[PDB]
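Visitor: My structure is below; once you've seen it, I'll send some questions.
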Amino acid sequence: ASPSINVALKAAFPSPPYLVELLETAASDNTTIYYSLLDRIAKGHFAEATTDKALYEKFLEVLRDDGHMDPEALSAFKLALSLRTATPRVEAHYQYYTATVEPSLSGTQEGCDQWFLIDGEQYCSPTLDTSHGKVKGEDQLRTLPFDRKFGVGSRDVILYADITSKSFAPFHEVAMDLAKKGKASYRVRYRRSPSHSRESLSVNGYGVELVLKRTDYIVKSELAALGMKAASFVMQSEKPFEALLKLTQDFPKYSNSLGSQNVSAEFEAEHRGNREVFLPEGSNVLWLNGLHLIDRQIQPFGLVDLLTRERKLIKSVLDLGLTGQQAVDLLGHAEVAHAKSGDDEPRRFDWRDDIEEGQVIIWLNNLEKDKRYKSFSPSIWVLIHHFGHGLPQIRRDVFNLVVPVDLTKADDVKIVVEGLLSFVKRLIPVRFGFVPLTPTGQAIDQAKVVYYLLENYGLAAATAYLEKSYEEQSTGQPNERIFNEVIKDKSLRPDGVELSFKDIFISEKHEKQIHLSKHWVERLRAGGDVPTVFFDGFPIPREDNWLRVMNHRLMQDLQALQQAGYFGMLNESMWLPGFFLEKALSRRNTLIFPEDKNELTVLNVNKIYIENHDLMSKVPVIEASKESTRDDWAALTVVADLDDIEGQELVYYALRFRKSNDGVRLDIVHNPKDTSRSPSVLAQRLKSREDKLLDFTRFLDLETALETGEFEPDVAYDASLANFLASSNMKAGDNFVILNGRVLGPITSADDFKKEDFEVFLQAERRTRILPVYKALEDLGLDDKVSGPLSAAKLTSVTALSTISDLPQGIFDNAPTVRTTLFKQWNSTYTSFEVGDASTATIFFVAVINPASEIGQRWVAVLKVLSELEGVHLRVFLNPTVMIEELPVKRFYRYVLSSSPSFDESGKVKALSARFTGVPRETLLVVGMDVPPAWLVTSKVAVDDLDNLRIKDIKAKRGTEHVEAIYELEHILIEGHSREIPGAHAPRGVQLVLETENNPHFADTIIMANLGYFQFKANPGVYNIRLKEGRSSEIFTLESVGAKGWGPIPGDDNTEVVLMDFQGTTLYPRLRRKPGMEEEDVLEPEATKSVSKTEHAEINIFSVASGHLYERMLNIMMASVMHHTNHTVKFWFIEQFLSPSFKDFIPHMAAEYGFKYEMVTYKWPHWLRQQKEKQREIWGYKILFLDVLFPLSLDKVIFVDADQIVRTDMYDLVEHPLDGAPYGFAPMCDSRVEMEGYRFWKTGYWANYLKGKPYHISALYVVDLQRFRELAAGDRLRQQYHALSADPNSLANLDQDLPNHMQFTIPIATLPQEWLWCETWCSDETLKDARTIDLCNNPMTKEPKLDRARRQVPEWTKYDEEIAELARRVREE
Ligand SMILES: *[C@@H]1O[C@H](CO)[C@@H](O[C@@H]2O[C@H](CO)[C@@H](O[C@@H]3O[C@H](CO)[C@@H](O)[C@H](O[C@H]4O[C@H](CO[C@H]5O[C@H](CO)[C@@H](O)[C@H](O)[C@@H]5O)[C@@H](O)[C@H](O)[C@@H]4O)[C@@H]3O)[C@H](O)[C@H]2NC(C)=O)[C@H](O)[C@H]1NC(C)=O
Ligand SMILES: *[C@@H]1O[C@H](CO)[C@@H](O[C@@H]2O[C@H](CO)[C@@H](O[C@@H]3O[C@H](CO)[C@@H](O)[C@H](O)[C@@H]3O)[C@H](O)[C@H]2NC(C)=O)[C@H](O)[C@H]1NC(C)=O
Ligand SMILES: *[C@@H]1O[C@H](CO)[C@@H](O[C@@H]2O[C@H](CO)[C@@H](O)[C@H](O)[C@H]2NC(C)=O)[C@H](O)[C@H]1NC(C)=O
Ligand SMILES: *[C@@H]1O[C@H](CO)[C@@H](O)[C@H](O)[C@H]1NC(C)=O
Ligand SMILES: *[C@@H]1O[C@H](CO)[C@@H](O)[C@H](O)[C@H]1NC(C)=O
Ligand SMILES: [Ca+2]
């Protein structure tokens, strides 16, 4: 009605049938709901629903009536159905079917609408008599992400069906029954149904913004009160949530309208008592049950997935009679969070030689007897009376450091010789030791050599051999030429026991010493890929700057000694290192104590005993004792292959451990490697002997009990068994241990997990997870709700999962995964308002919004729709700032989202749009899309200039006050963060190729230095990532694409990526270097040009335009090139900054002028610093992404500005020698003399910085892309831009200023000035020899660009007329 603007978004793929969408949305994770519904529709039950509304209506009654959903879950189903979350999941099936099924299915298909696939044979009938084909191509038995399985069976059957028709129902029942019998396992895959049309999909869950492009006009500056008055207006209204939405959506319009009718109502200067304690004014912060959410997680898709995960967690808890409110309170409790932070409590391991009889550690020091430290006092009070920054001097043994070193490796040897000795020489009060690593023959020999040389001759002689050997010989294997010289002089007085010389094979020296050393390394797991250093029994892995970390603990240990001294705990007759070893463990388990602390897996216990009840009621169970306490209670489950020694060894130890601990409740799950013989037999053998369990005096009693007895197969048991392992992601024949939901394994050798190792696992686990749950729980007085070991495990397991990081630490935010309760302190009467019932709510939201913020605009819109869900509680806090330097909100905002689907008059599903009403007639606006992270969007239909919108002009020109535009969700991102193995660094310069069965080259990108970042533009389907052929595959092998998580998670040893969601795909790939390489991709160890020219063109020019004029000028620029060269040209454009009017026109320009064109884009990385102003974005696209924006096949490109015109045959620029420089620019004209005043690059900062170098122009330049990438110029530009950008007034014009700031670091080839002309800075005499002309800014005039063109260049009109006639010719065509 009022003058309005309407914007809609549609996907790049057609809308799947509504029926299949409801099936998938309804049965999210649950297969039972899936096939239970698949039965209902195969009855022909859902055939009477003629329309989408009716069909949707029928599902609601069914789900409620069959017990599938409750109100909470039904409300959530409607919102997820609005979002159309299941549509990309269905399109995954179709892309897979179109690209891998159809080309591998040889024959003539007609009548084969549905067909099972069995043993590479296709059957178009349920009767199964005839096989049409032997299917070619790769295996279709890939158990892949979108699959579902029904039943267990030796044979595997797949049905590719078009569910829509009733031709489907008989096929289903044939395999449903065959799976019910157990003959084979059933799974359904989809077929694109021809009953549905090729209508594109209308999407929602995005935002639209109308940005004011002129903010320059402000006079009166009483901005300070806006946030404060805006906050009060809402509190006053008494319909507060609606006020905020209405105010926040059209905020720029209401600025002057605020401050009316004694408006301040500052009761709430009182609630800065709230500010005083916790958050600073004007900051937006959201919490979900204590969890702090980052901005990227605050979209509809991100939020729906969080509720889904959180409810599953809470529901499990409230089956013990806890309210949603009590449950959440327990999760964010102080004692709980303290335990997570409780790795300030360090655990130490006993580093001593005492077990290995003193023959393994070779110390470089003794502080009590070295006559270096002779100066120092051997008194305790020296330690206690210390102040300052210095480390206390003392003649006593107090601090120790043992570093395991490989003597083959020069890097390892250099550590001892340079690193360790400097410290000795420096007179540090730390004793330095080292133990050789013996993983190769050469290493073993050199340990012998060095050990011998110490034994008879002494430390200096051994030291001497190492020092000598390192310098140049850098010996892998022992060298006599160097060894014998050492003895020749250093063989003076080799004391005590006599020499052997040259040859070592001493029965005791080789055996005892080397094997004792191996026993030490093994005992503390101090070896492998990454060795482990032990400082005071504290493991520090040998990586990056471990000394930095060691020094940190050295100061933290010193302060630990001082405090004991002031309490008089210490005494003069003491071994001070033993203060730390008091509670140290002799053996170190990498399973329990992984050095990457994040490496942890916990399962929902409630889930395990709900889904697999059939299995868990039939496993041999030892219930915990009747006379045992809540503290003693713990639940253990052992998963082991009883067909292997390791598997049965492990169980005997678990049984032994149970005799000792009466509080434990044990379960034994037999997981065999071979499932051709039923697993139920060996389980049945033990459950008979269950009563007599742990009366096995000896191990053979268990061995014998497993072998004896005759049993049938419970095939029901077998099925639930295989389901459990699949749910728990466990391999067959692999050993695992589960105490209170926490899984450790796979156990390679049962010697790793002994009786003593179960006791520690319970000791440590108990501490962290069980004792903080017990305390916290009791503090709230909920300690009546724990009724047993299994009852307890459900609570402890759930609260450990609550503090689980889904997003790896260090990527999106460094801050740890901790639930705060710190906002509960805050008074709420005058700043807060709540929505939803707290008593019933399972979800609790705490929003802290600043009304004056632009981020608040989005937050309000999304929160209102999620508040509409049943079982959700929200509480809002408004916190504005008094510090407002500039206008706070400079845009209008609308969020396209509904809490339940909308239907047509003809019953179809309604599409959703952003409609802005009551738009000011004379304000200039810019349309922008506030799209979820994974999405790539461009304008498809629009007749207006979306960069320059004004209603008065449109009304005058078109006659309409109403504007309509349509966008397209063209691509969805596959983005990931790489790392090298084992010394994890980002592998920069690595090239990647994305592929599909149809084509082996979907896309290509290069790995960046920052987070090993990379991205691909794709849509739903099954893909694969291969390292690009060349140097990348030569140096590396990629073990995995981290699709499962950071991991390594077992089963992720793959390179397969699939996208079936609107959140795209986030990956954490891993790459390990090939045999002994220190090589770099960027550096070579020839037909590189020809190739690009053949594929693309003789000339490759790229550009960008942000307005109808600039697009009109761009048409002229391209034409001028074409008239001026009889060569082949390819034009490249930055896709998203162009209008659809321009986009729709170019094929007609390409036909006329005879050139090729290609649209390119890259999404601005999340880590890289954004640009609020679009003009600045555009400049960034020209300089920051040059290496990644164009395909690797392209040798070189040339940038030409839109306003330019060229009289030259452009090849010349290609041939121009750049003398090994990545890119070439043209300098600023010095020819105009009278202009000097406006030459600002002869001033202090630019003349000081550019000592002799020129001030270049970014209107035209060459980029030798192959060299650019080779030199890794892009990553420097990116990181310097990010660093420089922290200062807002940094780069006036970043495009010109970044290459000029980087010309010292990155060479710039300077171009002949024949290459550029501009009236402003070049003389009129110069134009005769000019090659190209930029229309640079006035600035001594106000004459506009249209005027300069016609006056400056006479042939500009000739070009404009040619374009004008063709546009009219197309309009009439
Ligand atoms: C995956 O799939 C399914 C479906 O979403 C989830 O589990 C379903 O939940 C049903 C209950 O809501 C369950 O019904 C149970 O039937 C068994 C007998 O086979 C009963 O022993 C159970 O009793 C428990 O639940 C009831 C709930 O109220 C029920 O009472 C009326 C009585 O007239 C019943 O007619 C009706 O089923 C009501 O729901 C409690 O009152 C009891 O005290 C007791 O605790 C259930 O009634 C279904 O068998 C089950 N499957 C389906 C297809 O519905 C499953 O949890 C979900 N899991 C995941 C991982 O998502
Ligand atoms: C939340 O609102 C309450 C409202 O009262 C604020 O309470 C403050 O509490 C202290 C004492 O707890 C009050 O003053 C002191 O009281 C004692 C005993 O009556 C008296 O002996 C002292 O001399 C002193 O007067 C204080 O006045 C009161 N504040 C106000 C404004 O009344 C609380 O600080 C608020 N907190 C937040 C986070 O906003
Ligand atoms: C590109 O090739 C064409 C030949 O097709 C050249 O065009 C000739 O130019 C004169 C200009 O007065 C015309 O009168 C002739 O009729 C053209 N020849 C033909 C065959 O029609 C053109 O000059 C070449 N341009 C460049 C830059 O190489
Ligand atoms: C209250 O009302 C009017 C402005 O609406 C003004 O006359 C008066 O100064 C305002 N403030 C106070 C404290 O009375
Ligand atoms: C104090 O001296 C005693 C010997 O009298 C000895 O146990 C130890 O060195 C000190 N005591 C403790 C508890 O460490
Ligand atoms: Ca320009």
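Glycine also receives a Cβ, built like all others from the backbone with ideal geometry; neighbour counts cover every protein chain displayed. Just so you know, all these numbers are worked out from the coordinates, no wet-lab data involved.
Visitor: Taking only C-alpha pairs under 8 Å that are 6+ residues apart, what is the relative contact order of the range 354-579 in percent?
Guide: Relative contact order of the range 354-579: 25 percent.
Visitor: Oh, and also: Roughly how many nanometres apart are two label points built 7 Å out from the Cα toward the Cβ at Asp147 and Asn948?
Guide: My value for the distance between the label points is 5.8 nm.
Visitor: Another question, if that's okay. For the range 266-350, rounded, prolate or oblate, judged on the Cα gyration tensor with a ≥ b ≥ c (square roots of eigenvalues), a/c < 1.5 rounded, else prolate if a/b > b/c?
Guide: oblate
Visitor: How would you classify the range 1208-1322 from its alpha-carbon gyration tensor, with a ≥ b ≥ c the square roots of the eigenvalues: rounded for a/c under 1.5, else prolate if a/b is greater than b/c, otherwise oblate?
Guide: Details: a/c = 2.02, a/b = 1.05, b/c = 1.93.
It is oblate, given that a/c is not under 1.5 and a/b is not larger than b/c.
Visitor: I would also like to ask the following. Choose one of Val760, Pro1165, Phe434: the residue whose Cα lies farthest towards the positive end of the charge dipole of the chain (beta-carbon charges +1 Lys, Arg; -1 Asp, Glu; about the Cα centre).
Guide: About the Cα centre, the residue reaching furthest to the positive side is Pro1165.
Visitor: While we're looking at this one, here's another question. In terms of Cα to Cα distance under 18 Å, which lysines are near enough to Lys775, apart from those fewer than 8 places away along the same chain?
Guide: Cα-Cα hits under 18 Å: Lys340, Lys785, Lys794.
Visitor: Loop only per DSSP, at most 12 neighbouring Cβ atoms within 10 Å: give me the trypsin sites (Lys or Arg not before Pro) in the range 846-930, ordered by residue number.
Guide: Answer in residue order: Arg921.
Visitor: Can you list which of the GluC sites (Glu not before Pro) found in the range 934-1036 are DSSP loop residues with at most 12 other C-beta atoms within 10 Å?
Guide: Qualifying residues, ordered by number: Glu1029.
Visitor: What whole-number distance in Å separates the alpha-carbon centres of the range 770-829 and the range 214-273?
Guide: Using only Cα atoms, the two centres lie 38 Å from each other.
Visitor: Could I ask something else about it? With a sphere of radius 11 Å drawn around the Cβ of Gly1180, what net charge do the other residues whose Cβ falls strictly inside it have (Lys, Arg +1; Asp, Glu -1)?
Guide: Local net charge: +2.
Visitor: Among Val773, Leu615, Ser688, whose Cα lies farthest out toward the positive end of the dipole of the range 605-797, if unit charges sit on the beta carbon of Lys, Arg (+1) and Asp, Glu (-1)?
Guide: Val773
Visitor: Express in nm, to one decimal, how much length is gained between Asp295 and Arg548 on full extension, taking 0.36 nm for each residue of separation and deducting their alpha carbon distance.
Guide: The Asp295-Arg548 span can extend by a further 87.7 nm.
Visitor: Remind me, relative contact order of the range 1094-1142 in percent, using alpha carbon pairs under 8 angstrom and six or more residues apart? Each step should come with its number before you reach the end.
Guide: Working: 43 pairs, mean separation 29.0, N = 49.
Once normalised by length, the contact order is 59 percent.
Visitor: If you take every residue apart from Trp633 with its C-beta less than 15 Å away from the C-beta of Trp633, what net charge results, scoring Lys and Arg +1 and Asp and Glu -1?
Guide: Once all neighbours under 15 Å are counted, the net charge is 0.
Visitor: So which GluC sites (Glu not before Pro) in the range 458-531 are both in a DSSP loop and have at most 13 other Cβ atoms within 10 Å of their Cβ?
Guide: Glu471, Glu472, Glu498, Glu508
Visitor: If you don't mind, there's one more thing I want to ask. List the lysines whose Cα lies under 21 Å from the Cα of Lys246, skipping any in the same chain that are fewer than 8 positions away.
Guide: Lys229, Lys864, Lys890
Visitor: Once you sort the root eigenvalues of the Cα gyration tensor of the range 863-945 as a ≥ b ≥ c, which label holds: rounded (a/c under 1.5), prolate (a/b larger than b/c) or oblate (the other case)? Could you put the intermediate results ahead of the total?
Guide: Details: a/c = 2.02, a/b = 1.10, b/c = 1.83.
Because a/c hits 1.5 or more and a/b fails to exceed b/c, the range 863-945 counts as oblate.
Visitor: Using only Cα atoms, locate the centre of the range 592-618 and the centre of the range 1282-1323, then give the distance between them in Å, rounded to an integer.
Guide: Each part's Cα centre sits 59 Å from the other's.
Visitor: Could you work out how far the C-alpha centroid of the range 527-565 sits from that of the range 1-75, in angstrom?
Guide: 58 Å
Visitor: Turning to a different aspect of this structure: To the nearest 20 debye, what is the magnitude of the charge dipole of the range 398-535 about its Cα centre, counting +1 on the Cβ of each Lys and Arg and -1 on the Cβ of each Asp and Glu? Provide the component values of the computation, followed by the final result.
Guide: Numbers: 17 positive and 19 negative charges, 74 e Å.
Once rounded to the nearest 20, the dipole reads 360 debye.
Visitor: Okay, moving on. What FRET efficiency, computed as 1/(1 + (r/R0)^6) with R0 = 41 Å and r the Cβ-Cβ distance, is obtained for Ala1247 and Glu922, rounded to the nearest 0.05?
Guide: Efficiency, rounded to the nearest 0.05: 0.40.
Visitor: About the Cα centre, and with charges only on the beta carbon of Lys, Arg (+1) and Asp, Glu (-1), how big is the dipole of the chain? Nearest 20 debye, please.
Guide: About 1940 debye.
Visitor: For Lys136, give me every one of the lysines with a C-alpha distance below 28 angstrom, ignoring sequence neighbours fewer than eight places off in its own chain.
Guide: Within the straight-line limit of under 28 Å, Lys136 reaches these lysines: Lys149, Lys183, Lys1028.
Visitor: If you put +1 on each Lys and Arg Cβ and -1 on each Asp and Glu Cβ, how big is the dipole of the range 1015-1084 around its Cα centre, in Debye rounded to 20?
Guide: 200 debye
Visitor: May I pose another question? Tally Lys and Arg at +1 and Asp and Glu at -1 over the other residues with C-beta under 13 Å from the C-beta of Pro1254: what net charge comes out? Intermediate results must be reported in sequence, preceding the final value.
Guide: Values: positive: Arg1239, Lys1242, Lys1251, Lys1253; negative: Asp1230.
That sum, taken over residues with Cβ under 13 Å, equals +3.
Visitor: Which links in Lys1163/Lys1196; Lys509/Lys597; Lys583/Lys824; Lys78/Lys940; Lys78/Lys618 stretch past 32 Å when you go from one Cα to the other?
Guide: From the list (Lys1163/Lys1196; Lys509/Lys597; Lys583/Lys824; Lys78/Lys940; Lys78/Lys618), the Cα-Cα distance tops 32 Å for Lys509/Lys597; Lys583/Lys824; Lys78/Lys618.
Visitor: Another one. Would you be so kind as to identify which of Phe1240, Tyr893, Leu591 lies farthest towards the positive end of the dipole of the chain, taking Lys and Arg as +1 and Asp and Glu as -1 on Cβ and the Cα centre as origin?
Guide: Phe1240
Visitor: First measure r as the distance between the Cβ atoms of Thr960 and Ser676, then evaluate 1/(1 + (r/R0)^6) with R0 = 56 Å and state the FRET efficiency to the nearest 0.05.
Guide: On the way: r = 74 Å, r/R0 = 1.32.
Calculated value: 0.15.
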